[PDB]
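Heads up: the sequence lines are chains E, B, Y, U, Z, H and R, in that order.
Residues in the first sequence are numbered consecutively from 234, following the deposited numbering.
Residues in the second sequence are numbered consecutively from 1, following the deposited numbering.
Take the third sequence: its letters are residues 51 to 64, 69 to 99, numbered as in the deposited numbering.
Residues in the fourth sequence are numbered consecutively from 153, following the deposited numbering.
Residues in the fifth sequence are numbered consecutively from 28, following the deposited numbering.
Residues in the sixth sequence are numbered consecutively from 193, following the deposited numbering.
Residues in the seventh sequence are numbered consecutively from 274, following the deposited numbering.
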Amino acid sequence: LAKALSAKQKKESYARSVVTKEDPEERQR
Amino acid sequence: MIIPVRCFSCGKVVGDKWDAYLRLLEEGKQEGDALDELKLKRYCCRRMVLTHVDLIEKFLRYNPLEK
Amino acid sequence: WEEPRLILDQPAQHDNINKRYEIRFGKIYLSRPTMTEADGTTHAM
Amino acid sequence: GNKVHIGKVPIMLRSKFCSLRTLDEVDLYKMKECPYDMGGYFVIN
Amino acid sequence: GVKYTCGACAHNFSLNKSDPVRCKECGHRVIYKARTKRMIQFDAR
Amino acid sequence: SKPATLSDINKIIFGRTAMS
Amino acid sequence: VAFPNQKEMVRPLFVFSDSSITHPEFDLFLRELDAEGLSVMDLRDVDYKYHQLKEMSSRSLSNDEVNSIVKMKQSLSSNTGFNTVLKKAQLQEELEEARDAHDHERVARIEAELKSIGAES
Ligand SMILES: [Zn+2]
Ligand SMILES: [Zn+2]
């Protein structure tokens, strides 16, 4: 129980990285 | 930045003893013994070599601006 | 995700059709900083 | 329904999302960054 | 007419007040003026 | 239609530095 | 290029010399042209070439032309420290994108490529 509760709160990563190849405002214009 | 040519207090030439000081420290001599070997008797001159920081070695790690 | 749902409703009568329009917010994506020049090209900053 | 650009967030230097986090000592010198610099600030204009 | 130097590859070139401010070979956006030709004298004190 | 002289060819000299 | 008496040859640019063409050299060139049965470039064409060279030398490049030249030299670029650092940073960004996408196959290739490019001194 201690191991599970300690390692449960260790994993925290919501945002996912990405690579931008052009100017973001291109879709808007 | 780089070792001063003269001692600030009395003006003894200390700018020719930096490499010999580093050599003596490499051989295993203590700093006081190394300063004694270089014939720096007055503590005003000993301060110049004992407290110098060689910053030019850090400045030289940046790539040259003109070639 | 605090307020993940915008909702617009329109009980159109012009045959009663109750229409709900709603948009959901999903994942957040981040990138490394980029620089966009006047000529249109991009490169890592 | 896909990725929509909602804005640009300034990046704190030497953080996990900064470009200088990975660079080692030599490339830090090639990038004209001081190795004694610690980060923790932003660059606005 | 006026000499410049690239901020990245240290390449020398010239501009005629009509070209874009860019390096010819590596396309860096940062360039520096070259040192003058006038005589430079110091008093060694 | 006139033949080109030496000076005319010298006007269009394009050196290796100019080529680079 | 091609000699008149000899045949066609493909030569690099550095073979040419900055020194001016001497009188016996031009005389021998004229004799080779006469032996082959060719003529010399017309003065009108000489002036046209001169104007072309002056216009090309005094031309101002556009942004697209400069970017094309930079891309061409980047293709020719064997190695450059600034460009290697930029490529390594871009590869690191691609690696974190692959890691965040749970792609266990791409990340190994990016790590191998980084290992090949890296190990500096
Ligand atoms: Zn002294
Ligand atoms: Zn350059």
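Think of the CB as a built atom: it goes at the ideal place given N, C-alpha and C, for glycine as much as any other residue.
Asked: Reduced DSSP category for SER250 of chain E - H, G, I as helix; E, B as strand; rest coil; Found: strand
Asked: heavy atom of ligand 1 below 7 Å from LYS12 of chain B C-beta; Found: yes
Asked: Contacts that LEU359 of chain R makes with chain Y (C-beta to C-beta distance below 7 Å); Found: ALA98
Asked: Amino acids of chain R, ordered along the chain, whose beta-carbon sits closer than 8 Å to that of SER193 of chain H; Found: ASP315, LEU316 and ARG317
Asked: Check whether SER246 of chain E and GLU370 of chain R have beta carbons under 8 Å apart; Found: no
Asked: Contact test: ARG65 of chain Z Cβ vs ligand 1 heavy atom, cutoff 7 Å; Found: no
Asked: Secondary structure of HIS377 of chain R, DSSP reduced to three states; Found: coil
Asked: Distance CB(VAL49 of chain B)-CB(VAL14 of chain B) smaller than 8 Å; Found: yes
Asked: Bridge partners - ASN63 of chain B, DSSP secondary structure assignment; Found: None, per the DSSP bridge assignment.
Asked: Euclidean distance between Cα positions of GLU31 of chain B and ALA20 of chain B; Found: 12 Å
Asked: CA-to-CA distance, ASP373 of chain R to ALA362 of chain R, given in whole angstroms; Found: 17 Å
Asked: Which of helix, strand or coil DSSP assigns to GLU185 of chain U; Found: coil
Asked: Cα-Cα separation, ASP36 of chain B to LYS29 of chain B; Found: 10 Å
Asked: Closer than 7 Å: residue 108 of chain B CB and nearest ligand 1 heavy atom; Found: Nothing about residue 108 of chain B can be read from this structure; chain B reaches only from 1 to 67.
Asked: Test item, CB below 6 Å from any non-hydrogen atom of ligand 2; Found: Z:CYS33, Z:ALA35, Z:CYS36, Z:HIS38, Z:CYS50, Z:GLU52, Z:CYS53 and Z:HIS55
Asked: Contacting residues, own chain, Cβ-Cβ under 8 Å from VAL313 of chain R (five flanking each side not counted); Found: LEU303 and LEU306
Asked: Cβ-heavy atom distance, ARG208 of chain H to ligand 1, below 7 Å; Found: no
Asked: Contact list for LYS322 of chain R against chain H, beta-carbon separation under 8 Å; Found: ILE204
Asked: Chain U contacts from the stretch 363 to 390 of chain R (Cβ-Cβ distance under 7 Å); Found: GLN365
Asked: C-alpha gap between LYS194 of chain H and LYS30 of chain Z, whole angstroms; Found: 41 Å
Asked: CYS44 of chain B: first and last residue of the uninterrupted alpha helix (DSSP H) it sits in; Found: 43 to 50
Asked: heavy atom of ligand 1 below 7 Å from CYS44 of chain B C-beta; Found: yes
Asked: Under the three-state DSSP convention, the category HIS97 of chain Y falls into; Found: strand
Asked: Selected residue, minimal CA-CA separation from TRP51 of chain Y, among Y:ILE77, Y:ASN72, Y:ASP93 and Y:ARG86; Found: Y:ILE77
Asked: Residue burial classification, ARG49 of chain Z (beta-carbon count within 10 angstroms, cutoff 16); Found: buried
Asked: Per-residue contacts from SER171 of chain U into chain Y (C-beta, under 8 Å); Found: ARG86, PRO87, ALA98 and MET99
Asked: Enclosing beta strand (DSSP E) for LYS73 of chain Y [first to last residue]; Found: 71 to 78
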